[PDB]
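There is one chain below, alone, in structure tokens, taken in the form deposited in one PDB entry.
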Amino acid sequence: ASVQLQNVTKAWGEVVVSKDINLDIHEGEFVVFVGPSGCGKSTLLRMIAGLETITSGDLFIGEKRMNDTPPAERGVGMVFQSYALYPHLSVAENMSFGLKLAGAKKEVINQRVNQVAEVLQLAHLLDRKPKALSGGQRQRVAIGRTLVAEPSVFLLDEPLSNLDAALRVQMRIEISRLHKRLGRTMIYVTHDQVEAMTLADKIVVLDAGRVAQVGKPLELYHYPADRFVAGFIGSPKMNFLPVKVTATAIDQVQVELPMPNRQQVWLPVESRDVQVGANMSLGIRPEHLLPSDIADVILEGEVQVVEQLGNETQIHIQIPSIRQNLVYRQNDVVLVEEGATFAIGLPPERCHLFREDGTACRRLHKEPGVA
């Protein structure tokens, strides 16, 4: 069940899709992979599975070196991103195909399929072939086929993508439970930021075949190790203002906002390898921007976009001397036009800072719920 990767590399001739990747997944640990579309998430899974060849490096599942083991003998099961359902067999036959190859009893097979089909709301669809199913039903068939098989390593490749919000919740809890009932290793790939946050005992960020950062869910949200990671976790994206260093203290850095007024602000952020004058990049999340009336540092501009979400309102503002729009989030339904003058408060204790090479300056303000 313990899956470990050391200096794992995958090349497609000259194109490198995974470079020197190192991970350590302990038994019963829920590890969630995230990264941009086409960065190598599935490639990592398919190497763990044994459906792709590892170019160089070692793969250890159960402390056994599995580089050259056939797929069957790996103790690994996978919900394929492309489903790969047997299109000649019913939902039932699909979900029971794994145990039919084991020496399973008919009453064992029929009992644990009717149970796992009930939690995925597939009760009624049990006789249909994949042709006679919806996209989200086929996806659920794929999830079920693996839950029935109950392997030492659960690999789940974007398994919830094609389900409604309300169901995507109901599946999340059943997977959450199964991880705590079996106590077995699950590697779970998703784009859904909420899933990444809730299900993960630990999250891995990928970036063009490179491990960007590993850590707890709150550990990445609050403390990205660089610019890329900061821009990837949390939707909407984190706003980025180009700033200049004016003064440095060991415990903090003072910077200058690019507006006409050349306002200055002290940020609780390490000054390790930061020179006065040099150009940084100030990160601040839409959630963290304050209302103007109760702030020391104010930024003002013109509203470009307003998106009414019901629960909240999202307001994109063009603030002079910055090319990019600042995205701001407000609780409740807010009545704003396009072109209205809008001002937002910027809180120094919640500002991230990144060097010219993109690396973050460790935030020294202790945020709640971080070990």
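Numbering starts at 1 and follows the sequence shown. The term rigid core refers to the maximal set of C-alpha atoms that superpose within 1.5 Å between the two forms.
This protein has a second form, the form deposited in another entry, left out of what is shown; the following refers to that one.
- When both forms sit on the same rigid core, the CA shifts between this form and the one not shown reach 2 angstroms or more only at 98 out of 301, 217, 130, 98.
- The two forms, fitted on the rigid core, differ between this form and the one not shown by less than 2 Å at the CA of residue 357.
- In the core-superposed comparison between this form and the one not shown, the C-alpha atom of residue 229 has shifted by less than 2 angstroms.
- For residue 85, a C-alpha deviation below 2 angstroms is recorded between this form and the one not shown after rigid-core alignment.
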